[PDB]
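Novice: I have a structure here, written as structure tokens, and I will follow up with some questions on it.
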Amino acid sequence: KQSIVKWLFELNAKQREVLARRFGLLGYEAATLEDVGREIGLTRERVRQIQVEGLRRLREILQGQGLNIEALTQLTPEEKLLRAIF
DNA sequence: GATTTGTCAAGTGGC
DNA sequence: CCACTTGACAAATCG
């Protein structure tokens, strides 16, 4: 309940894999849209589509009154996720 | 100064 | 409706 990565586990593996692969989170190294789709098996574009849904859908999920201020290039990948959600 | 990267509007098409 | 591609496009990117 102390970081974003925890709430990443509320989506299908695709919106999880696409997010983690793209933001350098959870062991993966931050990757281009193309390299993520080549490793999943989808087009460069659909990966952004999977990204935005899971990103937009992560905003809905975060409306559980999480005391938004908690622990929010010097930007560690977790902090690159939040400002991508909202 | 071109290649790469993200993005758009419109496209196929239904293990 | 859905997952997904196609083919354009400006802009970030890199040297």
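Residue numbering restarts at 1 in every chain; chains get A, B, ... in the order shown in the structure tokens, and ligands count up from 1 in that same order.
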Give as number ranges by chain every residue of chain A that touches chain C within 9 Å, counting only C-alpha atoms (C1' of nucleotides).

Specialist: A: 42-43, 45-46

Novice: Which residues of chain A are close to chain B, meaning at most 9 Å apart when you count only C-alpha atoms (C1' of nucleotides), and how do they look as number ranges by chain?

Specialist: A: 32-34, 45, 48

Novice: As a VMD selection string, please: every residue in chain A that DSSP puts in alpha helix (DSSP H).

Specialist: chain A and resid 4 to 7 13 to 23 33 to 40 44 to 61 77 to 85

Novice: How would the residues just picked look written out with N, CA and C atoms as a tab-separated table (two decimals), in the first residue's frame?

Specialist:
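As a result, selection_34.tsv now contains:
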```
chain	number	residue	atom	x	y	z
A	4	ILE	N	3.17	2.32	-6.22
A	4	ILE	CA	2.22	2.15	-7.31
A	4	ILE	C	2.26	0.72	-7.83
A	5	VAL	N	3.46	0.16	-7.92
A	5	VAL	CA	3.74	-1.16	-8.47
A	5	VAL	C	2.78	-2.20	-7.88
A	6	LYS	N	2.42	-2.02	-6.61
A	6	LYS	CA	1.47	-2.93	-5.98
A	6	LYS	C	0.13	-2.93	-6.70
A	7	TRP	N	-0.41	-1.74	-6.99
A	7	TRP	CA	-1.69	-1.66	-7.68
A	7	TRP	C	-1.59	-2.03	-9.15
A	13	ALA	N	-2.53	-9.59	-17.68
A	13	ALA	CA	-1.08	-9.64	-17.88
A	13	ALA	C	-0.64	-8.70	-19.00
A	14	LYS	N	-1.53	-8.40	-19.94
A	14	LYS	CA	-1.14	-7.57	-21.07
A	14	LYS	C	-0.98	-6.11	-20.64
A	15	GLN	N	-1.99	-5.55	-19.97
A	15	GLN	CA	-1.81	-4.19	-19.46
A	15	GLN	C	-0.77	-4.13	-18.35
A	16	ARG	N	-0.45	-5.26	-17.72
A	16	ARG	CA	0.67	-5.28	-16.78
A	16	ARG	C	2.00	-5.35	-17.51
A	17	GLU	N	2.14	-6.30	-18.44
A	17	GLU	CA	3.39	-6.47	-19.17
A	17	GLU	C	3.73	-5.22	-19.97
A	18	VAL	N	2.74	-4.66	-20.67
A	18	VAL	CA	2.99	-3.46	-21.48
A	18	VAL	C	3.44	-2.31	-20.60
A	19	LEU	N	2.79	-2.12	-19.46
A	19	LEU	CA	3.17	-1.03	-18.56
A	19	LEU	C	4.58	-1.24	-18.00
A	20	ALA	N	4.83	-2.41	-17.41
A	20	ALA	CA	6.13	-2.66	-16.81
A	20	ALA	C	7.24	-2.62	-17.85
A	21	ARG	N	7.01	-3.21	-19.02
A	21	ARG	CA	8.02	-3.21	-20.06
A	21	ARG	C	8.32	-1.80	-20.55
A	22	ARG	N	7.32	-0.92	-20.53
A	22	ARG	CA	7.49	0.42	-21.08
A	22	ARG	C	8.08	1.41	-20.10
A	23	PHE	N	7.83	1.25	-18.81
A	23	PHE	CA	8.24	2.23	-17.82
A	23	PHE	C	9.47	1.80	-17.03
A	33	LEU	N	8.13	1.65	-27.67
A	33	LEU	CA	6.87	1.04	-28.08
A	33	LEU	C	7.11	-0.13	-29.02
A	34	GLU	N	8.04	0.03	-29.96
A	34	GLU	CA	8.29	-1.01	-30.95
A	34	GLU	C	8.87	-2.26	-30.30
A	35	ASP	N	9.90	-2.09	-29.47
A	35	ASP	CA	10.54	-3.25	-28.85
A	35	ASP	C	9.59	-4.01	-27.94
A	36	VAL	N	8.61	-3.32	-27.34
A	36	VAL	CA	7.65	-4.02	-26.51
A	36	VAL	C	6.71	-4.85	-27.37
A	37	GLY	N	6.24	-4.28	-28.48
A	37	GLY	CA	5.33	-5.01	-29.35
A	37	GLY	C	6.01	-6.16	-30.06
A	38	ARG	N	7.29	-6.00	-30.39
A	38	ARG	CA	8.04	-7.09	-30.99
A	38	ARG	C	8.25	-8.23	-30.00
A	39	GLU	N	8.32	-7.92	-28.71
A	39	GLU	CA	8.48	-8.97	-27.71
A	39	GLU	C	7.14	-9.57	-27.30
A	40	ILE	N	6.06	-8.80	-27.39
A	40	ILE	CA	4.73	-9.37	-27.15
A	40	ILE	C	4.22	-10.09	-28.38
A	44	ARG	N	3.43	-1.89	-33.05
A	44	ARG	CA	3.89	-0.73	-32.30
A	44	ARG	C	2.72	0.09	-31.77
A	45	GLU	N	1.65	0.19	-32.57
A	45	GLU	CA	0.51	1.01	-32.18
A	45	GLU	C	-0.32	0.36	-31.08
A	46	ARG	N	-0.73	-0.90	-31.29
A	46	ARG	CA	-1.56	-1.58	-30.31
A	46	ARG	C	-0.94	-1.57	-28.92
A	47	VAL	N	0.39	-1.54	-28.83
A	47	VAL	CA	1.04	-1.46	-27.53
A	47	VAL	C	0.71	-0.14	-26.85
A	48	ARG	N	0.65	0.94	-27.62
A	48	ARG	CA	0.19	2.19	-27.03
A	48	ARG	C	-1.27	2.09	-26.63
A	49	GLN	N	-2.08	1.41	-27.45
A	49	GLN	CA	-3.48	1.20	-27.10
A	49	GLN	C	-3.60	0.40	-25.82
A	50	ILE	N	-2.86	-0.70	-25.71
A	50	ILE	CA	-2.85	-1.46	-24.46
A	50	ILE	C	-2.32	-0.59	-23.33
A	51	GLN	N	-1.35	0.28	-23.64
A	51	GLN	CA	-0.82	1.17	-22.61
A	51	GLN	C	-1.90	2.11	-22.09
A	52	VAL	N	-2.60	2.80	-22.99
A	52	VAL	CA	-3.52	3.85	-22.56
A	52	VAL	C	-4.69	3.26	-21.78
A	53	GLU	N	-5.25	2.14	-22.25
A	53	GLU	CA	-6.32	1.49	-21.49
A	53	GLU	C	-5.87	1.19	-20.07
A	54	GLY	N	-4.85	0.34	-19.93
A	54	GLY	CA	-4.33	0.04	-18.61
A	54	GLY	C	-3.91	1.28	-17.84
A	55	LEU	N	-3.43	2.31	-18.54
A	55	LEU	CA	-3.09	3.55	-17.85
A	55	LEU	C	-4.35	4.31	-17.45
A	56	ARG	N	-5.29	4.47	-18.39
A	56	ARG	CA	-6.57	5.09	-18.06
A	56	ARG	C	-7.34	4.26	-17.04
A	57	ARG	N	-7.34	2.93	-17.22
A	57	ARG	CA	-8.01	2.06	-16.26
A	57	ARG	C	-7.31	2.06	-14.91
A	58	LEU	N	-6.01	2.37	-14.87
A	58	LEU	CA	-5.33	2.50	-13.58
A	58	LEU	C	-5.75	3.76	-12.84
A	59	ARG	N	-6.27	4.76	-13.56
A	59	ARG	CA	-6.80	5.94	-12.89
A	59	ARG	C	-8.12	5.63	-12.19
A	60	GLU	N	-9.00	4.87	-12.86
A	60	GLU	CA	-10.24	4.44	-12.24
A	60	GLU	C	-9.97	3.65	-10.97
A	61	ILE	N	-9.08	2.66	-11.06
A	61	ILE	CA	-8.77	1.81	-9.91
A	61	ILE	C	-8.23	2.64	-8.75
A	77	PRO	N	11.54	4.96	-12.15
A	77	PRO	CA	10.42	4.48	-12.98
A	77	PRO	C	9.05	4.50	-12.34
A	78	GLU	N	8.97	4.30	-11.02
A	78	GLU	CA	7.68	4.41	-10.34
A	78	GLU	C	7.09	5.80	-10.51
A	79	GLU	N	7.93	6.82	-10.40
A	79	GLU	CA	7.45	8.19	-10.50
A	79	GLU	C	7.15	8.58	-11.94
A	80	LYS	N	7.76	7.88	-12.91
A	80	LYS	CA	7.38	8.08	-14.30
A	80	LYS	C	6.02	7.47	-14.61
A	81	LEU	N	5.57	6.51	-13.79
A	81	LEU	CA	4.25	5.92	-14.02
A	81	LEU	C	3.15	6.88	-13.61
A	82	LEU	N	3.23	7.44	-12.40
A	82	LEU	CA	2.15	8.27	-11.87
A	82	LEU	C	1.82	9.42	-12.81
A	83	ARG	N	2.82	10.25	-13.13
A	83	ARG	CA	2.57	11.38	-14.01
A	83	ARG	C	2.16	10.94	-15.41
A	84	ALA	N	2.24	9.65	-15.71
A	84	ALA	CA	1.65	9.10	-16.92
A	84	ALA	C	0.19	8.73	-16.73
A	85	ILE	N	-0.19	8.26	-15.54
A	85	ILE	CA	-1.61	8.07	-15.23
A	85	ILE	C	-2.31	9.43	-15.23
```

Novice: For the atom pair CA of residue 66 (chain A) and CA of residue 2 (chain A), what is the interatomic distance in Å to one decimal place?

Specialist: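 Separation of CA of residue 66 (chain A) and CA of residue 2 (chain A): 9.4 Å.
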
Novice: Quote the spacing between CA of residue 3 (chain A) and CA of residue 70 (chain A) in Å to one decimal place.

Specialist: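 Atom-to-atom, CA of residue 3 (chain A) to CA of residue 70 (chain A), that is 7.7 Å.
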